[PDB]
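J.: Attaching a single structure in structure tokens format; questions to follow.
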Amino acid sequence: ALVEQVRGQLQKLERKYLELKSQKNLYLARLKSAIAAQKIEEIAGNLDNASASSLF
Amino acid sequence: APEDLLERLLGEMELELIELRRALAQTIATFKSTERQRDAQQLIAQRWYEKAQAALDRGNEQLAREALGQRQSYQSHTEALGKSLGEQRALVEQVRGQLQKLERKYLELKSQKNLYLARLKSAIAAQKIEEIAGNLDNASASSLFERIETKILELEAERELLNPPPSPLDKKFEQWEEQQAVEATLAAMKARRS
């Protein structure tokens with residue numbers, strides 16, 4: 001009963017690991033997407049859209 | 001580290017299983033030595049008995065009496081030694097039983113050690129996976145994985161600020177006016193291709 005019981009934990013734990021691994025990229029990607037968006041629309045307003053005193 | 005002690009303590013027992021081992025052997029030697037000495041004493045007595053078996057015949061009774069008188073001295077040694085050898089036998093068999101039992105109990109104790117050390121690592125090897133798993137996305141708020149959404153929202157929260165979304169009126173209207181451009185453009189279509 002012990003050997004079968006312990007293997008089940010390994011079976012479950014191994015499953016939970018790769019599942020956790022998959023989500024990491026999906027959230028890192030969305031981190032870059034938002035970050036990669038910040039510095040384009042920020043300057044865009046600085047040029048001609050944000051308000052008066054804009055460089056344009 | 002207590003887990004090392006179980007290896008060390010069993011090492012100490014091993015010294016005894018070779019110390020008690022030596023003591024038992026020493027007991028057997030003297031038992032054999034005592035056994036040998038008894039045979040010699042009776043042999044001398046036997047020689048007088050064999051030698052006494054040559055005088056009583058033919059009418060020489062006097063000589064035979066003297067020879068047997070000498071043998072009584074050797075017989076006394078045999079009787080004392082004879083009883084001792086039988087007594088010592090119980091000791092050698094008795095002590096061996098302890099060695100038989102003790103040796104059995106040792107390997108039995110040895111077997112269980114690994115079975116419990118293994119289950120020690122299994123639980124220990126489990127602690128540091130499920131502990132961090134909760135730290136990431138399962139334990140509670142403030143978990144490193146959840147905190148990522150906070151930064152996502154913080155930047156996304158600024159998105160609606162720097163570029164305010166269109167008002168519901170324009171949303172209601174821009175879609176509203178598309179229903180006519182499509183139909184009005186199609187109005188010239190359905191009438192032209194008719």
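Here's how to read the names in the structure tokens: chain A, B, ... by the order shown, residue numbers from 1 in each chain, ligand numbers from 1 in the order shown.
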Taking only C-alpha atoms into account, report as a list in words which residues of chain A lie within 10 Å of chain B.
T.: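 Only these qualify: residues 2, 6, 9, 10, 13, 16, 17, 20, 23, 24, 27, 28, 30, 31, 32, 33, 34, 35, 37, 38, 41, 42, 45, 49 and 50 of chain A.
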J.: Keeping N, CA and C atoms, export the residues of the selection given above as a JSON list (two decimals), in the first residue's frame.
T.:
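This is the output file again.json:
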```json
[["chain", "number", "residue", "atom", "x", "y", "z"],
["A", 2, "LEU", "N", 2.04, 1.20, 0.62],
["A", 2, "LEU", "CA", 2.89, 2.38, 0.70],
["A", 2, "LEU", "C", 3.47, 2.73, -0.66],
["A", 6, "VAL", "N", 2.66, 6.20, -2.49],
["A", 6, "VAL", "CA", 3.66, 7.23, -2.74],
["A", 6, "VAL", "C", 3.74, 7.54, -4.23],
["A", 9, "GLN", "N", 1.31, 10.21, -5.34],
["A", 9, "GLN", "CA", 1.77, 11.57, -5.09],
["A", 9, "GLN", "C", 2.70, 12.04, -6.20],
["A", 10, "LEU", "N", 3.63, 11.18, -6.61],
["A", 10, "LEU", "CA", 4.51, 11.53, -7.72],
["A", 10, "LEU", "C", 3.72, 11.74, -9.00],
["A", 13, "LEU", "N", 1.89, 15.13, -8.40],
["A", 13, "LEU", "CA", 2.81, 16.25, -8.32],
["A", 13, "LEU", "C", 3.45, 16.54, -9.67],
["A", 16, "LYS", "N", 1.00, 18.42, -11.74],
["A", 16, "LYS", "CA", 0.81, 19.81, -11.33],
["A", 16, "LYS", "C", 1.98, 20.68, -11.75],
["A", 17, "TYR", "N", 3.17, 20.10, -11.91],
["A", 17, "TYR", "CA", 4.34, 20.90, -12.25],
["A", 17, "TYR", "C", 4.24, 21.45, -13.67],
["A", 20, "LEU", "N", 1.72, 24.05, -14.03],
["A", 20, "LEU", "CA", 2.21, 25.33, -13.55],
["A", 20, "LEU", "C", 3.19, 25.94, -14.55],
["A", 23, "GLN", "N", 1.44, 27.90, -17.57],
["A", 23, "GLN", "CA", 0.87, 29.21, -17.31],
["A", 23, "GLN", "C", 1.93, 30.30, -17.21],
["A", 24, "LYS", "N", 3.16, 29.94, -16.85],
["A", 24, "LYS", "CA", 4.20, 30.94, -16.66],
["A", 24, "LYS", "C", 4.41, 31.76, -17.93],
["A", 27, "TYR", "N", 1.63, 34.27, -18.89],
["A", 27, "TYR", "CA", 1.59, 35.50, -18.10],
["A", 27, "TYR", "C", 2.81, 36.37, -18.33],
["A", 28, "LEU", "N", 3.97, 35.76, -18.57],
["A", 28, "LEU", "CA", 5.14, 36.53, -18.98],
["A", 28, "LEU", "C", 4.89, 37.22, -20.32],
["A", 30, "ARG", "N", 2.00, 38.17, -21.60],
["A", 30, "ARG", "CA", 1.10, 39.30, -21.37],
["A", 30, "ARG", "C", 1.76, 40.40, -20.55],
["A", 31, "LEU", "N", 2.82, 40.08, -19.81],
["A", 31, "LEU", "CA", 3.59, 41.12, -19.13],
["A", 31, "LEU", "C", 4.35, 41.97, -20.14],
["A", 32, "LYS", "N", 5.04, 41.32, -21.09],
["A", 32, "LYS", "CA", 5.75, 42.06, -22.12],
["A", 32, "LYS", "C", 4.78, 42.84, -23.00],
["A", 33, "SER", "N", 3.63, 42.24, -23.33],
["A", 33, "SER", "CA", 2.67, 42.91, -24.20],
["A", 33, "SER", "C", 2.23, 44.24, -23.59],
["A", 34, "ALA", "N", 1.87, 44.23, -22.31],
["A", 34, "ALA", "CA", 1.49, 45.48, -21.65],
["A", 34, "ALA", "C", 2.69, 46.41, -21.52],
["A", 35, "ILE", "N", 3.84, 45.87, -21.11],
["A", 35, "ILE", "CA", 5.05, 46.69, -21.00],
["A", 35, "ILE", "C", 5.44, 47.23, -22.37],
["A", 37, "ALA", "N", 3.60, 47.91, -24.65],
["A", 37, "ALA", "CA", 2.62, 48.90, -25.08],
["A", 37, "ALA", "C", 2.82, 50.23, -24.37],
["A", 38, "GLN", "N", 3.41, 50.22, -23.18],
["A", 38, "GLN", "CA", 3.48, 51.43, -22.37],
["A", 38, "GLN", "C", 4.28, 52.52, -23.06],
["A", 41, "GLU", "N", 2.53, 54.34, -26.59],
["A", 41, "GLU", "CA", 1.41, 55.26, -26.39],
["A", 41, "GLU", "C", 1.77, 56.38, -25.43],
["A", 42, "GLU", "N", 2.78, 56.17, -24.58],
["A", 42, "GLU", "CA", 3.25, 57.24, -23.70],
["A", 42, "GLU", "C", 3.88, 58.36, -24.51],
["A", 45, "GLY", "N", 1.41, 60.41, -26.96],
["A", 45, "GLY", "CA", 0.82, 61.58, -26.33],
["A", 45, "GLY", "C", 1.82, 62.70, -26.15],
["A", 49, "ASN", "N", -0.65, 64.30, -29.05],
["A", 49, "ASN", "CA", -1.97, 63.86, -28.61],
["A", 49, "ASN", "C", -2.27, 64.17, -27.15],
["A", 50, "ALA", "N", -1.28, 64.12, -26.26],
["A", 50, "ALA", "CA", -1.57, 64.23, -24.83],
["A", 50, "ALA", "C", -2.24, 65.56, -24.50]]
```
J.: For residue 85 (chain B), work out the shell of residues within 10 Å, counting only C-alpha atoms and skipping chain neighbours fewer than 4 positions away, then give it as a PyMOL selection string.
T.: chain B and resi 31-32+34-35+38+80-81+89-90
J.: For CA of residue 189 (chain B) and CA of residue 173 (chain B), determine how far apart the two atoms are, in Å to one decimal place.
T.: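 Taking CA of residue 189 (chain B) and CA of residue 173 (chain B), their separation equals 24.2 Å.
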J.: Could you please write out, as JSON, numbers by chain, every residue of chain A that DSSP assigns to alpha helix (DSSP H)?
T.: {"A": [2, 3, 4, 5, 6, 7, 8, 9, 10, 11, 12, 13, 14, 15, 16, 17, 18, 19, 20, 21, 22, 23, 24, 25, 26, 27, 28, 29, 30, 31, 32, 33, 34, 35, 36, 37, 38, 39, 40, 41, 42, 43, 44]}
J.: Counting only C-alpha atoms, figure out which residue out of B:24, B:169, B:45, B:184 gets nearest to residue 97 (chain B).
T.: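 Ranking B:24, B:169, B:45, B:184 by distance to residue 97 (chain B), first place goes to B:24.
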